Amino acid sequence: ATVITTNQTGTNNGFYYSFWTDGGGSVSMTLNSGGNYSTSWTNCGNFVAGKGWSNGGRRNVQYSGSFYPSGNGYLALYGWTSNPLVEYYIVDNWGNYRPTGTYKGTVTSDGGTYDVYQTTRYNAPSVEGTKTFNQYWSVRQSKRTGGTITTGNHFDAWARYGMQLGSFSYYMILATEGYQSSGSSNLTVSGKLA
């Protein structure tokens, strides 16, 4: 096991990982065997941490484990693109706050119905430092922790709705995210290109 408490990216037991925090409260990630990682957070500001891949792409992600937010947290397949710069989310679980923006329609994937949203952040933290970028959201209509996310279904449906992804230059991870909250996650990821 390797405990992570500081903004870094890395590799661990075959998997890319990523941890980001704005410094608030107490936040840790523990990297275990294969696809497994745990997080623990107490009164965070904002953090994102997970395991996956150095590069996004159309794969079938399998994951399992537990996700217990007290207040605002997300469980999401998460990453970035360049040219253009996009932060993207496929959200399977959340706490008291459901992500929302400009509604674009639905996509059905992996046994669920996902609402598609677009929002924008101005002069915000990014993989390319302080930047302005669009966020693409798929948000399941019902909470679950575990199953397959077929990324191709989400990418194809965003594309049909005017949401163009750039290049998969950046990581794609199964993320735990927290805003002004506390909780834990314990998640195992694997997957493969479709």
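The first residue of the sequence shown is number 1, and the count goes up from there.
Enquirer: Per the record, averaged over C-alpha atoms, which has the higher B-factor: 104-112 or 119-127?
Expert: Per the PDB entry, the higher value belongs to 119-127.
Enquirer: 52-60 versus 151-159: which one carries the higher mean Cα B factor per the record?
Expert: Averaging CA B-factors over each stretch, the winner is 52-60.
Enquirer: Sort 138, 26, 164, 145 by C-alpha B-factor from the entry and give me just the highest.
Expert: In the PDB entry, the greatest C-alpha B-factor among 138, 26, 164, 145 is found at 164.
Enquirer: Based on the entry's values, in what third of the chain does the Cα temperature factor of residue 33 lie: lowest, middle or highest?
Expert: Ranked within chain, residue 33 CA B lands in the highest tercile.
Enquirer: Which third, lowest, middle or highest, does the CA B-factor of residue 18 fall in along this chain?
Expert: Middle third.
Enquirer: Taking the C-alpha B-factors as the PDB entry records them, is residue 181 in the lowest, middle or highest third of its chain?
Expert: Lowest third, going by the recorded CA B-factors of the chain.
Enquirer: Quick one: classify residue 79 as lowest, middle or highest third of the chain based on its Cα B-factor.
Expert: Middle third of the chain for residue 79's C-alpha B-factor.
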